[PDB]
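Here's the structure, in structure tokens; my notes come after.
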Amino acid sequence: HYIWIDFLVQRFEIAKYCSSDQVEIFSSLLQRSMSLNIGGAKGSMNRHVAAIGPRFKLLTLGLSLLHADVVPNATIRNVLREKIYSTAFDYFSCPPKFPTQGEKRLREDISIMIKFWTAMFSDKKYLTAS
Amino acid sequence: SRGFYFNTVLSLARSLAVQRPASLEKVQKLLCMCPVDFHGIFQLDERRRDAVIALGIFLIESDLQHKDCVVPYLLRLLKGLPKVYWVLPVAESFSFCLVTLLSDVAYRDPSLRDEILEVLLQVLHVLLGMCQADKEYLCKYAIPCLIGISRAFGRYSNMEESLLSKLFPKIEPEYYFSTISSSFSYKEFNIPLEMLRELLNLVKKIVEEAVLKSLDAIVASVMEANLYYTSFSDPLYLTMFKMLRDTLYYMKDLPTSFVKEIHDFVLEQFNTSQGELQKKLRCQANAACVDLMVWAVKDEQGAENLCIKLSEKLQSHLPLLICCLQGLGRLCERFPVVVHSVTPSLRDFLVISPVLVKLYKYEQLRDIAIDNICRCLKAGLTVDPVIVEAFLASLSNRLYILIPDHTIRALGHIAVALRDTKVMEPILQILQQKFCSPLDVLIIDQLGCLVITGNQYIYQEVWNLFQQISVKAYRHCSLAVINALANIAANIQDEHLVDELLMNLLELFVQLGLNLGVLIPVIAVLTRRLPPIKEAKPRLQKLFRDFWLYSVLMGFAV
Amino acid sequence: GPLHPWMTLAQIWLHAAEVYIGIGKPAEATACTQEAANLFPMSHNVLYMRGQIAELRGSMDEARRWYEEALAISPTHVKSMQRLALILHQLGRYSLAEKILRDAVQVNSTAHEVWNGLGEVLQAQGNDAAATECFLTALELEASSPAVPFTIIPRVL
């Protein structure tokens, strides 16, 4: 699952300008993987530490799609952002623990986390959702 | 707004017919959806009617595949009709539809003609026994079914698609289900003569008046016992006469005995019925009889007698006189001898019509009369090459002596009718010498239609006349001439004339530069009919350059 | 207190609007649905009826927006997807309509309108035998169709 997201990101970057129908396919794919059920044992996503890479990579891809200014209406963006925040809050509902992987496969996770933090910080784009 | 069930059944029938060959299991399924016979008694509902109509439309498109199975069931259905129990009415419409489908199938395959006509004869015998012989059911359903089946006796169409297919499209049809006795309008089926004789027997029996009185009496008994129809005399009379005209309208190659007995029938009916209303819908029946009787004439003296009898009535009901004009035109076309005799009869009415005067205080009869006049004159010039010269001399004399409007319309129509044919030159001379008052408005309108004829000299003459008129600027004709030019530009089919018109218009526009904003719409209309230009004579380039120079000088592009 | 009376009133108003829309009086239906939307403004039924009245008006652009908006809330709805597929078929595209029909037949397999639309969209593809069998299935399904779904009756011990 760590490479399929990279392929999807490359294809989305390629098809952002030319086509206008693949964006709908990407939106439909991104909508059916997430759910707003932050709670005990229902989130459709694993909450182990060793699976934080693809999760935040997909979240960053969704944020990049939202920032692309492609969806015309002002109603899909609200639902997508609400789902993004709801699935982001889910990871912090478990007792903290420590990573189990080796020295490698850890640096890129920190890089992804920092990049996602910056992308989250860059949302002062609000005030016109109506 | 047929609905869902009917629409989806029709769509399924359409989709299945295109698949050739069609599997038999689907045919069995649709037959199961169709009703079945139970002890010679039949009931019906909307769904079964829709299913059998879908079967009928499927049969035609399927190229008559597996007809040996569906056809016998259709025969059983049509022979079991009189005892059908039921839950404008619907029975007559259903009878119309089924008889139309039957006629289509009969036209498609000649091998079933004999059995089809014999079952027609048997059901006709059954209904004849029904009529002259229990009462509420008879009046409610038997008579409307007879009307429906008679309304679509044998009319067909030698076209690529079926007549019934036009009734139900794949999205006029509602017109037929709202009238009383409306209908539609090479093979000439090998129909036996005894069929014609027994059909004549049917017709002469059913036109009895005592049976009509008895029908009225039983209808009144039904009325007082307590429904769509009120009086069956006029509708049945008109329907039977109309179907009598339609069935024998086109059939040919008949010996003299049948023709003369039919002529005696129609003439005696004319004498009896017509000579009594000289104190409503009977006029249509009389007109149909008149249309049928002219077809049964094979002598010149009889044609002359008919012409005299019609002419004495003309110079004094509207459909009667319309059909009189139609029959006179047809007879003049058939016999070119009486062309000179009937010419004064048609001319006098037009040149002198109090009924039209009262109507004014409307034009269909006028144009029909003009077309019949043109047909008469073309028939006359077919045999005699001097009769048209005599007629034009007479018309010139009449012009010399609000009749000018009719005269100019007649002149325009005869000029249009004689486009192909040492005949156009006298008309050209007459129109040149007839110039000169608001009567000039339609003169150039008639002249515009003459441009389509496609003669270089005529085009030069008319263009020079228009140029002189424009340079002169009868100030009221300024809009008329530009309107005529706009009409002309959309009705030119000669490329040489098109380019010549373009060059002439450009030259006129550049000349007048030494009020000019009304000349561009015609340029746009003419130029939208041509592909983009790449290269041509440098004269065109210079004209375009001068045109754009004047356009930028006047700032029109701004 | 409880939201049940409010939903009963909303259902009454929506039924009245649906009755009105079947006769050709768009203004009255629009007024009724606007009054009904005052209580719950972002339900799916109100969006569906707004799309319906917009389509009946004669504009085929707002209806697509309303149908997509309704689909964005309840992905399991059927009538909205069927209407969107039908309105997209006549436009010319034959790709998204097939996927929508497949999803509709996957979620439910008891609607004859879905089969009719699938056969109609397949009629333009070439496989006429499959269209014929789909029409047969749609017709045989309609023979046992009630006025309202039987699931409305509660099932409680």
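Letters for chains follow the order of the structure tokens (A, B, ...), residue numbers begin at 1 for each chain, and ligand numbers begin at 1 in the order shown.
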
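Here is the contact set of chain B against chain C, at 10 Å and counting only C-alpha atoms: residues 4, 5, 8, 9, 11, 12, 13, 14, 15, 16, 18, 19, 26, 29 and 30 of chain B.
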
(Q) Should the cut-off be 9 Å, what would the residue list for chain C against chain A look like, counting only C-alpha atoms, as a PyMOL selection string? (A) chain C and resi 65+69+72-73

- Could you name the residues that touch residue 35 in chain B at 10 Å or less, counting only C-alpha atoms, but leaving out those on the same chain fewer than 3 positions away, as a ChimeraX atom specification? /B:30-32,38,42-45,47-49,51-52,77

Restricted to C-alpha atoms, what would the selected residues look like written as a PDB file, in the first residue's frame?
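Generated output (part.pdb):
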ATOM      1  CA  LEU B  30     -45.249 -12.902 -25.883  1.00  0.00           C
ATOM      2  CA  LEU B  31     -48.094 -15.215 -26.927  1.00  0.00           C
ATOM      3  CA  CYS B  32     -48.525 -16.174 -23.266  1.00  0.00           C
ATOM      4  CA  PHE B  38     -61.767 -20.053 -23.735  1.00  0.00           C
ATOM      5  CA  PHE B  42     -63.463 -13.422 -25.153  1.00  0.00           C
ATOM      6  CA  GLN B  43     -62.946 -10.654 -22.613  1.00  0.00           C
ATOM      7  CA  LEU B  44     -60.441  -7.820 -22.900  1.00  0.00           C
ATOM      8  CA  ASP B  45     -58.622  -5.254 -20.775  1.00  0.00           C
ATOM      9  CA  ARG B  47     -52.992  -4.702 -20.850  1.00  0.00           C
ATOM     10  CA  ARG B  48     -54.105  -7.389 -23.312  1.00  0.00           C
ATOM     11  CA  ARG B  49     -54.955  -4.749 -25.924  1.00  0.00           C
ATOM     12  CA  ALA B  51     -49.864  -6.662 -25.756  1.00  0.00           C
ATOM     13  CA  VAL B  52     -51.669  -7.592 -28.974  1.00  0.00           C
ATOM     14  CA  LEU B  77     -59.637 -13.282 -32.819  1.00  0.00           C
TER      15      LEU B  77
END

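Between CA of residue 183 in chain B and CA of residue 91 in chain B the interatomic distance comes to 16.7 Å.
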
Can you tell me, as an MDAnalysis selection string, what residues are no more than 7 Å from residue 96 in chain B when counting only C-alpha atoms, ignoring any on the same chain fewer than 4 positions away? chainID B and resid 92 100 148:149 151:152

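Take CA of residue 36 in chain A and CA of residue 89 in chain A: the distance between them is 9.7 Å.
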
| field | Expected answer as a VMD selection string: helix (DSSP H, G or I) residues in chain A | value | chain A and resid 4 to 15 22 to 31 49 to 51 53 to 67 76 to 93 107 to 121

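CA of residue 303 in chain B to CA of residue 199 in chain B spans 27.5 Å [interatomic distance, one decimal].
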
Next on the checklist: List as a VMD selection string the protein and nucleic acid residues near range 23-28 of chain A, meaning an atom at most 12 Å away when only C-alpha atoms are counted, but skip any in the same chain fewer than 4 places from it.
Outcome noted: (chain A and resid 5 8 to 9 11 to 19 32 to 34 58 61 to 66 68 to 72 76 to 77 79 to 80) or (chain C and resid 68 71 to 72 75 96 99)

With a distance cut-off of 8 Å and only C-alpha atoms, select the neighbouring residues of residue 98 in chain C, excluding the residue or stretch itself and same-chain residues fewer than 4 positions from it, and output the selection as a list in words. residues 94, 102, 118 and 121 of chain C

>> Residues near residue 37 in chain C, anyone? I mean within 12 Å using only C-alpha atoms, not counting same-chain ones fewer than 3 positions away, as a ChimeraX atom specification.
In response: /C:6-7,9-11,13-14,17,30-34,40-50

Could those selected residues go to a file with C-alpha atoms, as a compact mmCIF listing (two decimals), in the first residue's frame?
# COMPACT_ATOMS: atom_id res chain seq x y z
CA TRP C 6 -41.74 17.69 13.00
CA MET C 7 -40.92 14.80 10.67
CA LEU C 9 -45.38 17.55 9.34
CA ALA C 10 -42.47 17.51 6.88
CA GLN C 11 -43.71 14.24 5.36
CA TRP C 13 -45.88 18.75 3.24
CA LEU C 14 -43.65 16.65 0.97
CA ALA C 17 -45.90 18.82 -2.94
CA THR C 30 -42.23 25.31 -5.02
CA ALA C 31 -44.04 27.26 -2.30
CA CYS C 32 -44.92 24.05 -0.45
CA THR C 33 -41.37 22.70 -0.56
CA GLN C 34 -39.92 26.08 0.47
CA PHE C 40 -34.92 20.89 8.06
CA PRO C 41 -33.02 22.73 5.31
CA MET C 42 -30.46 20.05 4.35
CA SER C 43 -32.41 16.81 4.20
CA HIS C 44 -32.18 14.67 1.08
CA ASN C 45 -35.90 14.56 0.26
CA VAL C 46 -36.10 18.36 0.01
CA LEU C 47 -33.11 18.41 -2.34
CA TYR C 48 -34.64 15.62 -4.43
CA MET C 49 -37.97 17.45 -4.73
CA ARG C 50 -36.20 20.72 -5.57
